[PDB]
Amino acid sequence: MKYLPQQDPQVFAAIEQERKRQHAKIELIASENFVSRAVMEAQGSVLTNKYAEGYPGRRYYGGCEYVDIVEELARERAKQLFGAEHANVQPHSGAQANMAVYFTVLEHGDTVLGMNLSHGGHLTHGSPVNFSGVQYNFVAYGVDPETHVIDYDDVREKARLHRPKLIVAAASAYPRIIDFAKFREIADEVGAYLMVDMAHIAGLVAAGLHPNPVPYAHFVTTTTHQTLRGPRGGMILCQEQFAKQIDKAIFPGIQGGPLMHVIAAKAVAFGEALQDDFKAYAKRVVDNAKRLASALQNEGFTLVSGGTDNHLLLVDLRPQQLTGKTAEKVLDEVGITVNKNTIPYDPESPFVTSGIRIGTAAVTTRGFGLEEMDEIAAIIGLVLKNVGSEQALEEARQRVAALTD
């Protein structure tokens, strides 16, 4: 940086701490990642500077000839990546992407069927303190109490009983592959649309390591920032038939001027995902998650669903008599960042929980491999099995520091 340090020492000092923190810690929050310098450079550009309500070639302001190229690069790279008939790269976030789809297909009060929020469903999938749950009537399907795998008979019984106008599939904390074909078969049975929110697994879908929802769903939403490793923002993919309605849901519907600088960063991240080394990266993410899962079970931990098929894992801490809140706090003391997270059928509230959610996308981006996963799991075992020992905590700290340099 050149002008920030001189103009605003306070903000520059805080940003520099954040940068150093990102390097010094072991980032295991399942939704995080580190973007490339090219992505950052696109979002730190003068494209911030342009008003561009509307779409490429159909704007409400003049002078959009060059931002139109950037937006079209994003939309066409997206379509090449996911094979969708249409993309909308304007959503300001994963939440706005979902909000726009809901605004397109639902009337206030309509019934929506989504994944139980304490079994893996996201906040934007029906939480009563979220617009989704306030504006519409959400009903949920759950996972089997023993396998922790989505119970497709339960999805079907709930659909047939509640007759939702829309079915939402996908999650923020589900460690197994989702069967989009079964979701579409149920939606068709009851005449409902199907929306797949692939925010956590988009990068895996792009690399062919997770079945692609595009051929089965009427709408696919996502964050551009988690496994896809793009800038923070959203995207909607959909069939050509809903293209105009989705575009209008975004603008003049729920947003105003798009963030063109961020849309340029989206295109840059989409370009990176189209390359072969991103496919090799994604494979390492999934390979790393399996390794980590296996290594954690070697330490004595129980994992929700018994392991993982993607980038994430959920540790059921009941066997160690720990709440997710306690485990997150003590891991934070040694430099390991995780989230507390409810487990299916959790006896504890969402603010306490009986589990921790972990993912490997961030550490894989920094170069960690199978040997690092073995060490991280050994570190977590030492800490969580010896919570009252300051000597264990200090050793863990030194082992974390050896990993991060």
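In this text, residue numbers run from 1 along the sequence as written.
Mean C-alpha B-factor is higher over 270 to 278 than over the other stretch, the pair under comparison being 94 to 102 and 270 to 278. For the pair 103 to 111 and 198 to 206, the mean Cα B-factor is higher in 103 to 111. Considering 294, 224, 326, 221 together, the PDB entry gives 294 the largest C-alpha B factor. Out of 125, 229, 79, 311, it is 79 whose C-alpha atom has the highest B-factor in the PDB entry. Among the modelled residues of its chain, residue 163 has a C-alpha B-factor that falls in the highest third, as given in the PDB entry. Sort the chain's modelled residues by C-alpha temperature factor and residue 234 lands in the lowest third, per the entry. For residue 251, the recorded CA B-factor ranks within the lowest third of the chain. Only modelled residues enter the ranking. Looking at the C-alpha B-factors along this chain, the one for residue 366 belongs to the highest third. In this PDB entry, residue 383 carries a Cα temperature factor that places it within the middle third of its chain's modelled residues.
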